[PDB]
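Each remark here refers to the structure printed beneath this line.
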Amino acid sequence: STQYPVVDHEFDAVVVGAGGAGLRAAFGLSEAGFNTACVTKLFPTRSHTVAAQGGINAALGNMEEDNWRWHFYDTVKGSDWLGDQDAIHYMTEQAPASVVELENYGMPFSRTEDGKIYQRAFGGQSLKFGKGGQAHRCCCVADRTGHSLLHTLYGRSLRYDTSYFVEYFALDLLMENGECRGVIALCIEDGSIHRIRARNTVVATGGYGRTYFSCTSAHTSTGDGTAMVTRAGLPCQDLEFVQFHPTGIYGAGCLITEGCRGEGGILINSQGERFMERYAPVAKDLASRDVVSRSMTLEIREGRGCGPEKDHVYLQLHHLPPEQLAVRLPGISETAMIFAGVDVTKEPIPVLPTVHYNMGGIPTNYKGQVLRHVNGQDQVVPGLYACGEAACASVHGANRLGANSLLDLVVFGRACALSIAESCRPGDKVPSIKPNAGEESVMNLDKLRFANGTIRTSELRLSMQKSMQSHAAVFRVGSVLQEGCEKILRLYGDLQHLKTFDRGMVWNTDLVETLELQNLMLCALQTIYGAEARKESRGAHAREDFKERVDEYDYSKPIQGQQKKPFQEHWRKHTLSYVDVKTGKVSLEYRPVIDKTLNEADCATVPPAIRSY
Amino acid sequence: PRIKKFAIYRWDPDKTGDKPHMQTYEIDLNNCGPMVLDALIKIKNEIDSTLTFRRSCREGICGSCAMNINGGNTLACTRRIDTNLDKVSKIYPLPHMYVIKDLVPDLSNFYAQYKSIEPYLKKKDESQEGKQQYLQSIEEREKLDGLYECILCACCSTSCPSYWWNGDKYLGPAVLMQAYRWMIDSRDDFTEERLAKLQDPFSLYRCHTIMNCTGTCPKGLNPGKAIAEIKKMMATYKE
Amino acid sequence: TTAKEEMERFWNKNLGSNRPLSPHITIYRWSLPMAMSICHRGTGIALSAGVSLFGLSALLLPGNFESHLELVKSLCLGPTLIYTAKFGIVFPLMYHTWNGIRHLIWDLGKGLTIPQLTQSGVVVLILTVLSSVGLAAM
Amino acid sequence: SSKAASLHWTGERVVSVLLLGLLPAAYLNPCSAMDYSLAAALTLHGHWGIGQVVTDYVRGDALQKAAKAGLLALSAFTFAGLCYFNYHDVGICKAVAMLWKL
Ligand SMILES: *Cc1cc2c(cc1C)nc1c(=O)[nH]c(=O)nc-1n2C[C@H](O)[C@H](O)[C@H](O)COP(=O)(O)OP(=O)(O)OC[C@H]1O[C@@H](n2cnc3c(N)ncnc32)[C@H](O)[C@@H]1O
Ligand code: HEM
Ligand SMILES: CC(C)Oc1cccc(NC(=O)c2ccccc2I)c1
Ligand code: SF4
Ligand code: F3S
Ligand code: FES
């Protein structure tokens with residue numbers, strides 16, 4: 001009000017996110033013939049998708065002869081049958097098409113004797129629907145795949161007339177009568193507020209990894225778009241499901257990729273025993289993301305930890321040929337020398353299971369459309385889309401399969417573009433926003449700017465991160481989760497007791513990180529409350545109280561003379577969480593998982609089975 | 001107890017009459033992480049939250065924390081603080097750049113130069129693309145090694161005086177290296193016209209082999225080697 | 001927006017504002033391969049100024065070269081002093097000669113790595129001293 | 001697209017190896033013909049040498065053209081002076097030899 005200058009922008013589509021998914025959705029719309037705006041708080045290259053080291057999944061059949069339907073089974077078995085099979089069908093079929101596209105865009109993939117894209121073994125992937133051993137379909141750019149992905153995606157995106165709002169912190173979704181009208185954003189450069197309105201809006205803000213103390217994700221991975229959807233009265237899906245990557249530096253928390261356990265890497269504990277072969281029969285340390293990390297953290301509970309504190313594990317890269325380590329794993333070769341101070345060829349690397357990926361986020365179709373939940377039924381929110389880590393199409397379900405997120409990025413980023421392309425034309429009436437709309441977003445900005453509270457911003461962030469790390473770890477008990485719920489509940493009330501020192505317009509990092517803190521809390525509340533509500537051990541979410549697989553049936557015995565359980569009695573359903581913005585009460589509904597595929601004849605529906613590798 | 005002195009460049013654009021001045025902070029190294037960014041985060045979180053700087057991955061692959069540490073343009077999360085308590089660490093923004101606020105340089109020109117070289121694959125026949133993967137041999141891929149790893153942190157370009165005295169016209173090592181990165185790529189067919197884009201004195205030939213670019217690279221890349229390799233291609237190319 | 005339009009709006013914003021330039025020569029650390037680049041210009045410009053002074057004086061100032069040599073003998077030829085006089089001419093010349101070859105090696109692309117820059121740099125720096133002292137005593 | 005900037009670069013390297021090849025040639029073979037070839041290479045290399053200095057530091061549309069015109073006149077007077085020194089006077093090969101044993 002008189003202090004902040006409001007500037008209205010008129011576009012056909014707005015894409016919040018400059019990384020992989022959002023970036024592909026941005027220029028993908030521009031290629032279709034749309035005037036697309038791209039709001040992002042970082043520079044497109046500074047996005048996280050860069051930190052990706054493992055690879056990108058595609059059943060091209062370059063190592064051995066492969067089928068995308070075998071990749072379908074691995075993604076659905078990995079999802080512990082919470083995964084929406086209509087999306088898994090759509091992703092695995094578009095898998096080879098999108099990677100071939102990326103290679104033609106300019107992505108310098110590693111090569112073989114044939115000259116084709118180099119694929120290699122990765123976490124929990126198999127041939128012949130889980131009957132033909134280990135599958136090699138993880139396409140990589142030699143330990144720097146995501147870095148090479150984002151650059152060649154951005155490089156290609158300069159070709160089209162896309163208006164990039166670089167360094168713009170998006171505050172909230174512009175909403176009018178249950179319809180998305182655009183985005184309200186803060187320009188970091190001068191401290192002005194901009195209202196970029198459009199007929200459609202795509203959200204790709206990434207995960208909320210910074211909710212925890214020890215995570216592999218960047219400082220800018222605060223889950224802003226998830227909170228924007230949260231503040232708009234729209235549900236968030238499966239927020240309790242949080243991935244713990246098995247391997248990562250004990251110190252800073254940086255990632256040592258699962259590319260190691262695939263090229264020929266082994267895991268060793270205090271005694272020197274290959275402990276992963278004890279927990280997994282014919283899978284070893286090449287099993288699922290959750291199963292490997294589950295064993296690693298359990299080895300610490302026994303007292304069989306490594307180091308001076310005996311609270312971490314070891315990664316064996318000693319026996320691997322030095323000729324292989326320099327070519328296939330150069331990215332971890334340098335970073336382990338810098339942070340850990342450990343030689344990669346002559347010494348084993350210290351590792352510890354840390355927060356990595358968020359399966360949940362914004363409820364999504366197989367097309368990319370954001371879903372609300374009215375009267376126990378799916379309903380499409382007009383002019384709103386989501387793709388990538390920030391979205392929950394549940395193509396990853398309960399547990400994300402290794403090297404599937406960069407695929408989740410390109411395929412569903414492309415889907416978000418094609419949904420606006422094939423339905424609705426460019427130049428169509430840009431829906432009118434209220435002459436007042438955005439008042440609450442401006443008042444929220446002004447409140448945090450002149451903040452004279454009792455608690456410092458970082459001192460409140462520390463309380464959130466340590467509470468989530470201890471009360472919502474790999475193993476979580478209902479007794480610990482109950483205390484963890486009310487602890488985060490009180491910390492939400494402290495968001496009006498916070499102090500901000502920097503009171504400027506141009507580049508206020510003291511303000512935007514406090515805005516990130518507000519957005520982290522809204523993600524933190526729905527994660528902890530959803531975790532204590534779910535009473536089962538499915539994928540990443542594993543309860544000490546209830547270690548059972550609560551499906552519609554007991555799939556240990558064949559279903560034929562067995563009776564079905566009611567919907568509100570079994571846990572094979574999506575957790576849809578809401579939260580009242582003012583009070584901070586988390587109320588949560590549930591919706592059924594999609595089991596039917598896009599075509600039963602072309603790709604078979606996979607029924608629930610005994611989840612074990 | 002092990003206190004460490006930090007001298008940091010400070011300027012507030014939201015205050016009238018504020019000139020560029022140095023600010024001193026004392027931090028215990030036992031409570032802090034090994035790297036420079038850890039200390040920058042620590043004083044931000046504990047001492048003075050008025051400090052404003054770029055950070056993201058803290059891994060050394062995003063290239064946000066690009067700044068001048070002790071007279072050298074390297075990443076703050078890659079370089080560690082000197083444990084020697086006698087020496088005071090001097091933290092500065094990237095040399096000869098317009099300061100927005102506290103160690104945050106305006107890289108608008110840097111990114112715009114990267115756009116001018118066209119950093120994307122260009123085929124003569126683009127009607128058959130997006131359906132099959134292009135063939136590239138293991139040797140042809142090895143030519144891209146030591147080139148694609150560029151983070152675009154703008155440490156090498158901001159280190160040479162030729163980008164200081166001639167910022168507008170001269171592209172700089174980072175941008176020129178990427179132009180070369182697309183030249184040797186066997187998939188690219190526009191190699192001849194990429195070289196024809198540098199046929200002016202300022203764009204490429206403003207380099208004098210001063211070798212400040214490759215000496216300051218955080219990733220250990222050699223832009224100078226590539227720049228001199230462009231000059232060889234420029235001297236000898238068909239038509 | 002285009003490629004060059006962003007460059008135009010870069011200069012049209014910063015020059016119309018009150019943003020300061022981050023220090024460059026005041027803060028950056030002095031390195032040998034970089035310091036040898038400045039001296040190559042320092043010798044280059046001064047050495048070209050020597051030739052320019054030699055040509056212009058021969059064209060403008062009267063009298064032949066043999067008569068000008070007798071004018072130098074008016075200082076009575078100091079044995080140690082005239083050695084220093086000829087030394088201050090071959091020193092900038094021979095430094096620029098040996099380092100000039102090093103630049104020509106760089107143009108071929110050989111020895112552009114950091115260790116090889118310091119290795120070939122000391123070679124030139126030492127050859128400078130030897131060729132400057134050696135040719136002064138003739 | 002015409003390649004003019006690339007040919008100028010190679011031209012600077014052509015005179016560089018030419019001027020490097022003349023210094024031992026003037027010592028071993030000091031003659032009237034060597035006087036002019038050393039003068040033609042010494043003034044051309046310098047002209048493109050300072051030409052590189054003007055392009056670096058001299059800022060502006062009016063200043064750079066004024067400096068390039070001034071350098072062209074300075075170089076022309078330098079080459080004409082040395083040729084006059086080779087024809088009517090001793091000649092740089094024999095002239096530096098007289099200064100050498102002094
Ligand atoms: C953490 C991590 C993840 C990871 C990985 C390694 C690490 C350390 N390695 C991977 C791999 O090898 N293969 C793979 O398939 N996935 C891997 N991952 C996971 C993956 O990288 C991420 O899930 C994915 O890249 C996320 O992409 P996305 O583009 O959707 O999200 P982002 O990279 O975090 O980018 C966020 C963008 O959104 C903009 N933004 C955020 N907030 C705002 C607000 N406030 N206003 C305006 N814009 C905003 C940012 O600008 C940013 O560009
Ligand atoms: C035979 C010995 C010489 C060699 C090998 C040589 C070589 C070179 C080279 C290759 C350069 C360009 C450096 C670059 O790549 O930027 C240069 C610079 C220069 N040279 Fe020489 N040169 C020699 C003698 C001379 C002499 C005697 C003069 C004086 C008339 C001279 C005048 C200049 C000038 C004015 C420059 C300025 C260019 C710059 O430093 O940017 N050179 N020399
Ligand atoms: C940090 C200081 C030492 O840095 C400086 C300052 C001033 C000039 C220079 N030197 C050049 O500018 C230079 C030298 C040779 C060839 C081309 C050049 I553009 C370096
Ligand atoms: S070449 Fe090296 S120093 Fe230059 S921008 Fe790239 S990573 Fe940074
Ligand atoms: S001007 Fe340049 S590209 Fe390297 S050689 Fe010097 S920094
Ligand atoms: S913050 Fe990513 S490189 Fe320093």
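By order in the structure tokens, chains are A, B, ...; within a chain, residues start at 1; ligands start at 1, following the order shown.
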
As a count of residues only, please: all residues of chain D that backbone DSSP puts in alpha helix (DSSP H). 86

Around ligand 6, out to 6 Å and counting only C-alpha atoms and all ligand atoms, which residues are there? I want them as a ChimeraX atom specification. /B:55-65,75-77

Show me, as a ChimeraX atom specification, the residues of chain B whose atoms get within 8 Å of chain D, using only C-alpha atoms for the distance check. /B:162,165-166,196,199-201,205-206,231,234-235

Kindly work out which residues sit at most 10 Å from ligand 3, using only C-alpha atoms and all ligand atoms, and give the list as number ranges by chain. B: 71, 95, 159-166, 206-210, 212; C: 23-31, 34-42, 44; D: 52-53, 55-57

What residues in region 13-171 of chain B get the DSSP label strand (DSSP E)? Please answer as a ChimeraX atom specification. /B:21-28,66-69,73-75,89-92

Please produce a file of those selected residues containing C-alpha atoms, as a short mmCIF file (atom, residue, chain, number, x, y, z; two decimals), in the first residue's frame.
```
data_model
loop_
_atom_site.label_atom_id
_atom_site.label_comp_id
_atom_site.auth_asym_id
_atom_site.auth_seq_id
_atom_site.Cartn_x
_atom_site.Cartn_y
_atom_site.Cartn_z
CA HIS B 21 32.90 -0.40 3.66
CA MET B 22 34.46 -3.45 5.33
CA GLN B 23 32.84 -5.20 8.30
CA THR B 24 34.60 -7.46 10.82
CA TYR B 25 33.20 -10.60 12.47
CA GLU B 26 34.65 -13.07 14.99
CA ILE B 27 33.68 -16.76 14.82
CA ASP B 28 34.73 -19.89 16.74
CA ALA B 66 31.05 -17.36 -6.50
CA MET B 67 33.13 -14.69 -4.75
CA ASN B 68 36.67 -13.38 -4.19
CA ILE B 69 38.35 -15.08 -1.23
CA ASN B 73 37.70 -16.07 -7.36
CA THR B 74 36.61 -19.51 -6.12
CA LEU B 75 33.50 -21.16 -4.64
CA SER B 89 40.17 -13.69 5.68
CA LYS B 90 39.14 -10.97 3.22
CA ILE B 91 35.85 -11.66 1.42
CA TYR B 92 35.06 -9.61 -1.70
#
```

Using only C-alpha atoms, find the residues of chain B whose closest atom to chain A is at most 6 Å away, then write them as a PyMOL selection string. chain B and resi 14+45+49-50+52+56-57+62+119-121+130+132-133+135-138

Find the residues of chain C in contact range of chain B, meaning any atom within 12 Å when counting only C-alpha atoms, and list them as a ChimeraX atom specification. /C:1-41,99-100,102-118

So which residues touch region 29-32 of chain D within 10 Å, counting only C-alpha atoms, skipping near sequence neighbours fewer than 5 positions away, as a list in words? residues 22, 23, 24, 37, 86, 87, 90, 91, 92, 93, 94 and 97 of chain D

To check your reading of the model: which residues sit at most 6 Å from ligand 4 when counting only C-alpha atoms and all ligand atoms? Write the answer as a PDB file with C-alpha atoms, in the first residue's frame.
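Output contents, as saved in part.pdb:
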```
ATOM      1  CA  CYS B 150      31.500 -25.702 -16.635  1.00  0.00           C
ATOM      2  CA  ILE B 151      29.179 -24.447 -13.897  1.00  0.00           C
ATOM      3  CA  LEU B 152      28.950 -20.897 -15.321  1.00  0.00           C
ATOM      4  CA  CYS B 153      29.836 -19.511 -11.878  1.00  0.00           C
ATOM      5  CA  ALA B 154      31.656 -16.612 -13.591  1.00  0.00           C
ATOM      6  CA  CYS B 155      34.962 -16.977 -11.727  1.00  0.00           C
ATOM      7  CA  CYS B 156      37.284 -17.173 -14.748  1.00  0.00           C
ATOM      8  CA  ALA B 174      33.477 -18.969 -19.633  1.00  0.00           C
ATOM      9  CA  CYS B 217      38.705 -22.201 -11.821  1.00  0.00           C
ATOM     10  CA  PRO B 218      36.989 -24.114  -8.968  1.00  0.00           C
ATOM     11  CA  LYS B 219      36.312 -27.186 -11.142  1.00  0.00           C
ATOM     12  CA  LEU B 221      38.978 -26.639 -15.993  1.00  0.00           C
ATOM     13  CA  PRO B 223      39.352 -22.278 -20.575  1.00  0.00           C
TER      14      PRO B 223
END
```

Could you tell me, counting only C-alpha atoms and all ligand atoms, which protein and nucleic acid residues lie no more than 7 Å from ligand 1, written as a VMD selection string? chain A and resid 16 to 22 39 to 44 46 to 56 145 to 146 167 to 171 185 204 to 207 216 to 218 220 to 221 223 to 225 254 to 255 257 356 to 357 387 to 390 403 to 407 409
